[PDB]
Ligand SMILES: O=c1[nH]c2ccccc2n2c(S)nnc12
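The chain below stands alone, shown as C-alpha cells; this is the form solved without the named molecule.
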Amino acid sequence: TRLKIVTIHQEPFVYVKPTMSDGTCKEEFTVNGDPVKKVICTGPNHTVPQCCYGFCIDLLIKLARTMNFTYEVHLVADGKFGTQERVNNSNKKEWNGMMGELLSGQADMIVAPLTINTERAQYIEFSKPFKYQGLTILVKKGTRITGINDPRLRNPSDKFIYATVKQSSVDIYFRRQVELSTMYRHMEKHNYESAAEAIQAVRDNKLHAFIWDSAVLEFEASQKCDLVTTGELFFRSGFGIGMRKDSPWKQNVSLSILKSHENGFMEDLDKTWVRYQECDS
C-alpha cells in the first residue's frame, strides 16, 4: 500500500548522505534549532540505503501526513530528471530519468524539483507548482556575461565553454528552438551527468557557464562566494509533483500545495533551506 516515491540528488531540495556505520542517519538541526527530518532513500552510491533530507523531503513528509499515505523513497536509477528518446537503436521512444520510472511503475509519485512543461504534461500529470522559478546562468566570480543573449553564447567558440545537464528539461528547452540551434549544438558536446558535477566544473574553471534552474543556482551561488549568477531569469518555470495520468492523488496533492502557499509553510521552507546564511562553502 506504500507509495513508491522517486527523487533525485539536488541541493537544497534533496541532500543525499551516507548512513552512519550503524545504519541510522546523523542527528542534525536546522537554522531554527529543530531536528532535520531525515528519510531513508535507497539508490546508487552499487545501490544502498542512504539518508535524504531537504526542501522536498520536508514537503513529502507534509504531503504524506495531510493525505494519510505511507511511502518508501528511492533515488532515480539513472540519475536523470527525464527526456524522451529513441531506445535500443530503434524508433521506439521511451522516457528516461524520473519521468521514465513514473511511467513504468517503478515509482508512483515524483517528489523533487521537477520542472513542469508541455512535453512532460503530454505523458504525466503535475500538481500546481510548489515553487515558482526559472532559468539562469552560473559563472565563476569575475566572468563577464550579459545573459542568455551574450555573444559568447550566441556565437559559440571553444574559448568559452557552456553547458547544462544531460536528459533534463533544460537541454530540451534549447533543443526545441531553431534560433538556439547553434547553442544546442555547442552544449551537446559538453553537457554534464548531474548539476553537482557541472557546478564543480565551473568552480574548477573547467566549465565557463552552467545553464540551469535558478532555484538551484541562486542557492549554490549564495553559499559559495566564488560563484555568481547573471541574476536574470530568461525563462520562467515552476516545479511540481509528478503523477501518472488519472492518478487518485492529483486533486489532493494540489490541495495540499495550495494550503502550503496560503499558510506560510512554503515560505518557512525557504527560510529553512534556501535563504538563511551568508556564503562560506
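Each residue number is its position in the shown sequence, starting from 1.
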* **Residues with no coordinates between residue 45 and residue 46, taken from the deposited sequence as a class** => 4 to 9
* Of 153 to 161 and 100 to 108, which one has the bigger average CA B-factor? -> 153 to 161
* Asked: Which has higher Cα B-factors on average according to the PDB entry: 170 to 178 or 68 to 76?
  -> 170 to 178
* Out of 250, 26, 37, 236, residue topping the C-alpha B-factor column of the entry -> 250
* To do: Can you pull the Cα B-factors for 137, 124, 183, 198 from the entry and say which is highest?
  => 183
* **Position of residue 116 among the chain's modelled residues by C-alpha B-factor, lowest, middle or highest third** => lowest
* Asked: In terms of the chain's CA B-factor thirds, is residue 93 lowest, middle or highest?
  -> middle
* Third of the chain's Cα B-factor distribution that residue 231 belongs to, per the entry -> highest
* Structure fact -> residue 254: CA temperature factor from the record, placed by chain third, in the middle
* Asked: How does residue 146 rank on Cα B-factor within its chain, lowest, middle or highest third?
  -> highest
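The same protein also exists as the form solved in complex with the named molecule; that form is not shown, yet it is the one meant from here on.
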* To do: Could you superimpose the pocket C-alphas so that the named molecule sits on this ligand-free chain as it does in the bound PDB entry, and then tell me whether the site is open or blocked by the 2.4 Å backbone/C-beta test with a threshold of 3 atoms?
  => blocked
* the named molecule in the bound PDB entry: within 4.5 Å of a heavy atom of each of 114, 120 and 168? -> yes
* Work out which of 63, 216, 57, 51 lies within 4.5 Å of the named molecule in the bound PDB entry, going by heavy atoms. => 216
* Options 67 to 75, 206 to 214, 147 to 155, 179 to 187; stretch whose heavy atom lies within 4.5 Å of the named molecule in the bound PDB entry -> 206 to 214
